[PDB]
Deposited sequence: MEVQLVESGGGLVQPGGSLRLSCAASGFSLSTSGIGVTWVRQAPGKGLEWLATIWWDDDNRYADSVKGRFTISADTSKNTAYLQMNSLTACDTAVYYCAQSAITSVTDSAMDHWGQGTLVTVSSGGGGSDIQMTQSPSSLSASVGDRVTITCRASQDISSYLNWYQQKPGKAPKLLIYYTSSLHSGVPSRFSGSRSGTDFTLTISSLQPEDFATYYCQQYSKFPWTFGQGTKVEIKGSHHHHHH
């Protein structure tokens, strides 16, 4: 028994692909036989996606429901996975496997599906430090942010409280947004950027984010949570 897989490749987001899985040495119409699709994102584990049985019964995972359909064509003795409206989160090696009556056997060799519209470059990665800090009212607080490439001074800082939308604090590295208290300031060293709170006030416990706009895509740091001691 063999399952001979084909299809896959690099496709733009929103696009569609059909994977095929030709059965050899058994018939998809035989009572007890099912075909299952499983995927494995790069560096990750195994995720079940869908199973279809000889009697038409079928199940789908929520990760593909409403977008992918599984089928078995008894005239070609081939199973298919029709993927529509693909996203970057669907990037993975996709396997078909024989199910029988219950365990997955005789897996296909897998095919990589990568969903991307990008060139070969990388987005600008913003790294903040620390990811959390503890402070008391009255403390001086400094938060740092660095970019994976030169962004000149095209950096903004935002504050976000739980359950609230972000608020702009500083634009273009050092310009205080009008209405924001002057205890907030921003600076850069040419390797890094710093947000300083000269004397922390009770209303300043929040999460702070940097954001570059040197180029699209605009990207944010991971956030720094300023928490009470």
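Note: segments 1-2, 104-108, 237-244 of the deposited sequence have no C-alpha coordinates in the structure.
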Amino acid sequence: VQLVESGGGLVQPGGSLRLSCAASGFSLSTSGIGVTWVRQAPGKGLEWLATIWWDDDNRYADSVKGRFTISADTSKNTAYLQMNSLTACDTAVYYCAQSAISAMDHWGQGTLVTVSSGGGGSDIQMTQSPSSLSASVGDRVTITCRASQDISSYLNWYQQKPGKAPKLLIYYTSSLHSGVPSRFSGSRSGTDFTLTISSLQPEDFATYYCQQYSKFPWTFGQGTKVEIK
From here on, numbers count along this sequence of modelled residues.
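Averaged over CA atoms, B-factors in the entry run higher in 148-156 than in the other of 148-156 and 126-134. Relative to its counterpart among 69-77 and 108-116, 69-77 has the higher mean temperature factor, C-alpha atoms as listed in the PDB entry. The residue among 198, 194, 178, 36 whose C-alpha atom has the highest B-factor in the PDB entry is 178. Highest CA B-factor among the listed residues (45, 186, 162, 166): 162. When all modelled residues of the chain are sorted by CA temperature factor, residue 2 is found within the highest third. Ranked against the other modelled residues of its chain, the C-alpha B-factor of residue 82 as given in the entry falls in the lowest third. Among all modelled residues in this chain, the alpha-carbon of residue 208 has a temperature factor (C-alpha) in the lowest third.
Annotation for residue 219: CA B-factor lies in the lowest third of the chain's modelled residues.
Annotation for residue 103: C-alpha temperature factor in the highest third relative to the rest of the modelled chain, per the entry.
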